[PDB]
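Let me begin by presenting the structure, written as structure tokens, before commenting on it.
Number of protein chains: 2
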Amino acid sequence: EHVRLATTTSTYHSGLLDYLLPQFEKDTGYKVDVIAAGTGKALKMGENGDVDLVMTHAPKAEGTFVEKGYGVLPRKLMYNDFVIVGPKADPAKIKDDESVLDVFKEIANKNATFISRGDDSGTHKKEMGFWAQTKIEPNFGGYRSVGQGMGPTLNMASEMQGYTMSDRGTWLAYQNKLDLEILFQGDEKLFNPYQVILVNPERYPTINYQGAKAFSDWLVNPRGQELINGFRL
Amino acid sequence: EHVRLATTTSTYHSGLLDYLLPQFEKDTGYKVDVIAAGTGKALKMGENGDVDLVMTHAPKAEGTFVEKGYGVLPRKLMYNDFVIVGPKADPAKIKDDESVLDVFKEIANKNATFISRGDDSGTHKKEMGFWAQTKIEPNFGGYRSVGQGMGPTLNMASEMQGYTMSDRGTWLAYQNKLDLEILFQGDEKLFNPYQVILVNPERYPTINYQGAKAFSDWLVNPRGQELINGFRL
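If you read the protein sequences in the order shown, they are chains A and B. When the letters of the first sequence are read in order and numbered with PDB author numbering, they come out as residues 27 to 259. When the letters of the second sequence are read in order and numbered with PDB author numbering, they come out as residues 27 to 259.
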């Protein structure tokens with residue numbers, strides 16, 4: 027029984043779904059096909075009834091989507107909340123930059139110390155996305171890819187007095203033992219609320235509402251949440 | 027250093043916050059003082075600026091609270107979705123009851139077989155809250171308080187052909203192996219999306235927005251979510 031999900035290219039490449047889908051299929055017998063595109067296109071496919079539900083991280087676009095009746099039962103999956111931490115003295119002087127892309131470029135061009143998780147985690151993928159957007163390849167001397175989790179990455183950044191990008195949660199749990207501060211967090215790219223929204227079965231009595239609602243229900247119940255969190259750690 | 031949180035009686039009595047506040051305090055140093063009441067009063071406390079943030083599970087009332095500017099930065103914290111399942115034959119005849127409270131009262135009165143998690147998890151606490159509202163202590167002999175997880179509880183209900191309360195997510199995972207059906211759902215008490223909402227500093231310039239936002243941020247980040255999920259599983 028087949029469930030078609032439209033989502034973003036970001037999301038597809040993040041690896042999130044590779045973490046969820048196997049368990050969901052094992053649990054329910056549903057097979058999810060992922061079609062990844064830009065946000066407007068993902069939502070358009072939902073508006074056009076090409077897919078059974080959508081997963082995006084664009085609150086304004088999703089608000090209109092629901093308001094016009096294209097989607098129903100919107101649900102928040104997770105709030106991705108990232109911050110840039112570094113030495114209190116901020117030797118790259120990123121503290122007052124405007125965008126996180128300016129922050130990355132500045133760190134690279136000053137060859138400041140930067141610790142990457144380098145472990146293909148969701149956090150690691152997100153860091154790599156920003157480098158890709160800056161058009162810089164993270165090759166500078168200061169750049170260190172340790173191959174470790176968020177906590178050890180923070181410990182490394184404190185030891186070497188370098189910068190890193192952390193989820194706020196790990197930062198808060200560790201700050202008491204880190205010689206670092208939050209130095210930058212003013213960028214909408216750093217905060218991403220995710221929603222999963224069902225295609226309105228009133229608009230499309232033909233779509234697989236039963237399968238789509240099962241996936242959504244599973245995603246927000248503790249079983250799905252355990253896996254989502256596991257991926258975010 | 028004191029953050030004041032208004033929440034509902036059921037949330038208070040569930041003990042959810044005892045699993046959270048010590049870790050939040052450990053991480054951030056903030057102390058949260060909790061006041062509990064009915065939904066209307068909980069939100070009224072936010073409206074009056076008596077507390078710094080609110081945590082309720084009443085989407086419509088919360089929408090109004092946000093729309094009027096009483097609260098800002100609303101975030102969905104967790105989705106509760108519970109069903110009452112039992113044998114197709116529904117021998118206790120709860121299928122057509124009106125209220126989940128009626129269902130509970132009817133099961134106790136007929137001394138029907140009912141399987142409780144009995145393990146002080148969130149589901150169990152939710153169940154116990156229902157008993158409390160019916161003013162019944164479940165001591166009838168058909169009541170089994172085993173101390174196991176959701177899957178084993180469902181399996182036992184299926185083997186015994188009795189009733190139990192299940193989150194929908196585990197139900198979706200196990201339903202193919204169980205000789206049970208959903209017999210009662212669609213009572214408002216069974217579906218509760220929680221929201222945390224900050225009291226608006228534009229209304230109350232001296233509100234502890236900093237502490238309240240720290241608690242909110244913490245709740246939606248992976249570390250806080252893992253605590254919440256550990257309680258819910």
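Where a beta carbon is used, it is the ideal one built from N, C-alpha and C, also for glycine.
Query: Presumed contact (8 Å Cβ cut-off) between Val60 of chain A and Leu43 of chain A, rounded CB distance; Result: 6 Å
Query: Within chain B, the residues that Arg194 of chain A reaches when beta carbons sit closer than 7 Å; Result: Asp243 and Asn247
Query: Partners in chain A for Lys102 of chain B, counting only beta-carbon separations shorter than 8 Å; Result: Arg101 and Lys102
Query: Members of the region 104-117 of chain B near chain A, C-beta cut-off 7 Å; Result: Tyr105 and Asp107
Query: Spatial distance of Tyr235 of chain A from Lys57 of chain A (CA atoms); Result: 14 Å
Query: Beta-carbon spacing of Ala199 of chain A, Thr190 of chain A below 7 Å; Result: no
Query: 7 Å Cβ cutoff met for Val109 of chain A and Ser192 of chain A; Result: yes
Query: Delimiting residues of the beta strand (DSSP E) encompassing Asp53 of chain B; Result: It is not in any beta strand (DSSP E) - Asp53 of chain B instead sits in the alpha helix (DSSP H) that spans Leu42 to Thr54.
Query: Listed by chain order, chain B residues near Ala240 of chain A by CB distance under 8 Å; Result: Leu198
Query: Same chain only: Cβ atoms within 8 Å of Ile208 of chain B, ignoring 5 sequence neighbours per side; Result: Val109, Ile110, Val111 and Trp197
Query: Chain B contact for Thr54 of chain A (CB, 7 Å cutoff); Result: yes
Query: Buried versus exposed call for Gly167 of chain B [16 or more other C-beta atoms within 10 Å across all chains shown]; Result: exposed
Query: Own chain, CB closer than 7 Å to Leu127 of chain A, minus 5 neighbours either side, in chain order; Result: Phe156, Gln159 and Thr160
Query: Proximity below 7 Å, CB of residue 262 of chain A to CB of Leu79 of chain A; Result: An answer regarding residue 262 of chain A cannot be provided, because it is not within the stretch 27 to 259 covered by chain A.
Query: CA-to-CA distance, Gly64 of chain A to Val129 of chain B, given in whole angstroms; Result: 47 Å
Query: Exposure of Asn226 of chain B, with buried meaning 16 or more beta-carbon neighbours within 10 Å; Result: buried
Query: Within chain A, partners of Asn255 of chain B - CB distance below 7 Å; Result: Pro248, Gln251, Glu252 and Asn255
Query: For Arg229 of chain B, the nearest candidate out of B:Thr34, B:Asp76, B:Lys52 and B:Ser40 (CA to CA); Result: B:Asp76
Query: Residue of B:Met104, B:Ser147 and B:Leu204 minimising C-alpha distance to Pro113 of chain B; Result: B:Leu204
Query: Test: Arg258 of chain A CB closer than 7 Å to a CB of chain B; Result: yes
Query: Between the CA atoms of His150 of chain A and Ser142 of chain B - distance to the nearest angstrom; Result: 42 Å
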